[PDB]
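Written out below as structure tokens is the structure these notes cover.
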Amino acid sequence: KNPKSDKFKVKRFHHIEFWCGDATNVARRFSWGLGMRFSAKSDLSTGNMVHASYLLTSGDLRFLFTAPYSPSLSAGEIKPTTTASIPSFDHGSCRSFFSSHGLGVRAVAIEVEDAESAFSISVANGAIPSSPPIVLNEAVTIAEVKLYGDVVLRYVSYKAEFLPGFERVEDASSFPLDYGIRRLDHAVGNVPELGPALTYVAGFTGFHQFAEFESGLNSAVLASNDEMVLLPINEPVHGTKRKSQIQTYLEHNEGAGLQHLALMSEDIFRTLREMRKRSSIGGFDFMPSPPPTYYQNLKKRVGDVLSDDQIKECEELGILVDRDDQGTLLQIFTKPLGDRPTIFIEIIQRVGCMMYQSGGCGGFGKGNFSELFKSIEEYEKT
Ligand SMILES: Cc1nn(C)c(O)c1C(=O)c1ccc2c(c1C)c(=O)n(-c1ccccc1Cl)c(=O)n2C
Ligand SMILES: [Co+2]
């Protein structure tokens with residue numbers, strides 16, 4: 035069931051913004067590790083005396099990396115005279131966020147029909163305002179409300201290239217890397233209490249529960273009307289034998305925050321080959337691969353969707369496979385992206401649910424908890 039109860043018109047995920055201490059080094063690392071191109075910048079060379087912001091793109095996926103300059107460069111400015119290209123930016127907030135949480139996501143941005151209306155309706159329905167609607171060069175409107183922890187949901191709407205004040209990056213500086221990633225599939229938050237978090241967000245968006253179908265978590269998925277914007281939220285399950293990874297996140301992050309970004313690939317085999325080649329030369333590492341029993345068990349589970357050769361490719365790359373009643377999911381998880389055991393990335397590709412492909416096809420892999428535990432029966436084979 036999908037009641038289509040969105041309180042304003044939502045289009046698609048627009049960008050993810052990381053708050054950094056040094057945006058240059060994080061952006062260059064992510065660019066090489068994920069195969070994303072430098073597409074736009076706003077920094078000292080563009081007249082921005084407030085913050086350095088670099089935009090990476092792969093298909094429709096947009097990652098923004100922002101860090102503050104010395105406040106002294108902009109001390110004479112006031113908000114009416116600011117050179118910042120993102121008017122919600124604040125030196126104090128950014129430095130406080132990064133000191134508290136380390137490297138992580140500050141903003142989940144969605145494109146909407148009218149960011150001013152989305153903001154107004156959201157706040158009228160319980161959203162905690164974070165930054166009021168601001169019109170940039172009479173062309174783009176941006177507004178922000180609290181999502182969870184110190185993460186904001188950012189609304190962007192365009193009258194008719202990223203944001204005014206950003207310049208396209210010199211082609212000499214923009215190497216056309218591409219490992220197959222094409223869009224953001226979902227963005228997952230960790231909170232101490234799931235119920236109040238879900239009630240808050242669903243309350244002010246009108247997003248509905250997206251249906252699914262030891263683990264250390266309880267979770268639920270909020271979805272937009274066409275189920276293309278997917279915002280899962282997890283809470284820890286305490287008292288278990290193996291400590292919940294959600295609780296570990298909360299401790300090392302100093303509370304709620306964004307846990308993982310799921311990036312859709314148009315060719316997950318190629319994406320993982322390219323990312324794995326670069327793991328030890330500046331890119332990203334992946335979680336340990338499941339035992340060979342897991343891939344032996346794939347035949348009975350998904351042998352009608354993946355050939356034996358395609359199954360052997362999953363084993364070579366350490367890919368996980370799950371299936372619901374509608375479609376099939378291929379997924380894999382990186383190790384944490386920075387120093388702390390907090391945020392990580394999921395790479396995903398979905399098979400089925402052709403209508411275009413409907414959102415959430417195959418679910419989110421919750422079936423792989425049982426399949427991993429059972430398949431670690433490889434102890435018996437030994
Ligand atoms: C769950 C879930 N719900 N929703 C809405 C999602 O989007 C997800 C995830 O994508 C998802 C799915 C399966 C997972 C893990 C995650 C994050 C995971 O983190 N670990 C895990 C747990 C602890 C340590 C290491 C790992 Cl890989 C696992 O084993 N499995 C099997
Ligand atoms: Co996921």
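Residues 35 to 194, 201 to 253, 262 to 403, 411 to 437 in the authors' numbering are what the sequence shown lists, from first letter to last.
Here a beta-carbon is modelled for each residue, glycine too, at the ideal position from N, C-alpha and C.
- Comparing alpha-carbon positions, the option among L265, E322, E433, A141 lying closest to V179 turns out to be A141.
- Residue environment for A194: exposed (fewer than 16 other C-beta atoms within 10 angstroms of its C-beta).
- Assigned with DSSP and collapsed to three states, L365 falls in helix.
- Here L385 carries a coil assignment [DSSP, helix/strand/coil].
- One alpha carbon belongs to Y343, the other to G305, and they sit about 33 Å apart.
- For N301, there is no enclosing beta strand (DSSP E); the enclosing alpha helix (DSSP H) has its first and last residue at 293-301.
- In this structure, ligand 1 has no non-hydrogen atom nearer than 7 Å to the beta-carbon of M70.
- Around the beta carbon of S108, 16 or more other beta carbons lie within 10 angstroms, which makes this residue buried.
- The beta carbon of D40 is closer than 8 Å to those of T245, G246, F247, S272, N273 in its chain, skipping five residues each way along the sequence.
- Annotation for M323: the continuous alpha helix (DSSP H) segment containing it runs 316-325.
- Residue side-chain check: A268 keeps its Cβ at 7 Å or more from all non-hydrogen atoms of ligand 2.
- Taking the Cβ of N273 as the reference point, every heavy atom of ligand 1 lies at 7 Å or farther away.
- Partner residues in the beta bridge of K75, as assigned by DSSP, are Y88, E207.
- The beta carbon of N301 sits no closer than 7 Å to any heavy atom of ligand 1.
- A Cβ closer than 5 Å to some heavy atom of ligand 2 marks a residue here, and those residues are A310, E394, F419.
- If you draw a straight line from the Cα of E150 to the Cα of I176, it is about 8 Å long.
- As summarised for the region 82-151, the continuous alpha helix (DSSP H) elements at least 4 residues long and confined to that stretch are 125-135, given in chain order.
- Sequence-distant partners of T116 (beyond 5 residues in either direction) whose C-beta falls short of 8 Å from its own C-beta, in its chain, are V84, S108.
- Taken through DSSP and simplified to helix, strand or coil, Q374 comes out as coil.
- In terms of Cβ geometry, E394 and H308 form a close pair [threshold 8 Å].
- DSSP places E426 in the uninterrupted alpha helix (DSSP H) bounded by 423-430.
- Taking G375 as the centre and dropping the five residues before and after it, the same chain places the C-beta of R398, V399, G400, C401, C416, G417 closer than 7 Å to its C-beta, in chain order.
- For the pair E275 and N36, the CB atoms are nearer than the 8 Å cut-off.
- In the structure shown, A251 falls within a coil segment according to DSSP collapsed to helix, strand and coil.
- In this structure, the straight-line span from the alpha carbon of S337 to that of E363 is close to 8 Å.
- Under the three-state reduction of DSSP output, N230 falls in the strand class.
- DSSP, read as helix, strand or coil, puts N282 in strand.
- Not one heavy atom of ligand 1 is found less than 7 Å from the C-beta of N159.
- A distance below 6 Å between beta-carbons, with the five flanking residues on each side excluded, links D184 to the following residues of its chain, in chain order: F131.
- Of the residues assessed, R208 falls on the exposed side of the cut-off, its CB having fewer than 16 other CB atoms within 10 angstroms.
- Beta bridge pairing from DSSP links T175 with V169, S191.
- Annotation for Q374 indicates a beta carbon at 7 Å or more from all heavy atoms of ligand 1.
- Per DSSP, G400 lies in no alpha helix (DSSP H); the unbroken beta strand (DSSP E) holding it starts and ends at 392-400.
- Residues of the same chain with a CB within less than 6 Å of the CB of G422, apart from the 5 flanking positions on each side, are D370 in chain order.
- With 16 or more other CB atoms across the displayed protein chains lying within 10 angstroms of its CB, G138 is buried.
- Each residue's CA atom was taken as its position, placing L385 and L68 some 11 Å apart.
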